[PDB]
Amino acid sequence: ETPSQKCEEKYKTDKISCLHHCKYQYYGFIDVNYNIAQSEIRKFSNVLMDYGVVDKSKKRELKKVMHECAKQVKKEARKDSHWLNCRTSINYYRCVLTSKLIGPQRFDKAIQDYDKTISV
């Protein structure tokens, strides 16, 4: 009924690492073609701001962190001679939460509350 409930009831067989992207495409953080442009970035940043994970003074720095992470995930994909996929979506997350602008426990708390407000 919510993205997390739908996606985890879906993956039950393998390709379980796609469970992450399945959620983030519903949130709007990653496109359905696995891409991350600035439509997805500003969607990711805004959600973090409405749920008080980051301050409004840090918005432009966080967007840029998201932007530089996106370049990296794509750069690594093309040295492996392919493009974005389930794994790149995870790496985009790992790269973003590397930043010290984001408090982990507030992030996980925000996302889990954001997820409830969506159907299906």
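Numbering starts at 1 and follows the sequence shown.
Chemist: Please figure out whether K12 and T13 are truly consecutive in the deposited sequence or have unmodelled residues between them, and give none, 1 to 3, 4 to 9, or 10 or more.
Modeler: The entry has 1 to 3 unmodelled residues between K12 and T13.
Chemist: Averaged over C-alpha atoms, is the B-factor higher for 50-58 or for 24-32 in this PDB entry?
Modeler: Of 24-32 and 50-58, the stretch with the higher C-alpha B-factor average is 50-58.
Chemist: Tell me which of 85-93 and 62-70 has the higher mean C-alpha B-factor in the deposited entry.
Modeler: Mean C-alpha B-factor is greater for 62-70.
Chemist: Please place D115 in the lowest, middle or highest third of its chain according to the CA B-factor in the PDB entry.
Modeler: Ranked within chain, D115 CA B lands in the lowest tercile.
Chemist: Ranking the modelled residues of this chain by C-alpha B-factor as given in the entry, is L101 in the lowest, middle or highest third?
Modeler: Highest third, going by the recorded CA B-factors of the chain.
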